[PDB]
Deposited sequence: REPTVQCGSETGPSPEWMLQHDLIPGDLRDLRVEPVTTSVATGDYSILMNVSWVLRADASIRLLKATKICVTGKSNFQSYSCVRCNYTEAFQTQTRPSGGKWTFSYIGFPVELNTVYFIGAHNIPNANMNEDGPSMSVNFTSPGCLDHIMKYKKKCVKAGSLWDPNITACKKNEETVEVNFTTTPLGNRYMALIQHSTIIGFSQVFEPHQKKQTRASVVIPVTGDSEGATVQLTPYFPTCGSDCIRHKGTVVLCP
């Protein structure tokens, strides 16, 4: 009658150095799925389908996305399970935009100068561009909930007038106009007003900008220069 108790330990395990005359088998199957807990917070689900001499099982996950991260968790077994009459675990916090390489091996494992390595499964965490994880603490502060509602009107061949709703977070904004090459680049500063919350930017453009694409990049101090962007198109206004 075994149950699942799981903990945390990263680094060298005590049985990794030690030798073992007899070795267990290996995890026949292994699976991973993302399960979201109700309020957000996200925790990884590790379920595997598996002999008489066997001690525990270790899981190590590695993340590599603009940073370095490395965590491991070992789950021990309470008592032997002879009966044929499959476990699971919820033990890893998942960040945003992070690829995960996860692999597990039984303990003790194959002795050195011998073969039979383990197997691993792979999975990529959802980004910030989706609706499920758009309410995260990072995303909203980075601009996920803000609705610019861009309404850009082409004044004439040389000038384009852009209307966009402001926010208390930022005061200066980028501006890009890309159809085939760069024809418009400008930098502006605007003070935020509670009475009036719509902006008016005049930018010179080289060439015909009809039907171009307007791309708005705000300068929020909390997200640097790689901040989220919002789509806009040239809308002719009478």
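Enumerate the deposited-sequence segments absent from the coordinates, judged by C-alpha atoms, in order of position.
Unobserved in coordinates, per deposited numbering: 1, 41-44, 56-60, 96-102.
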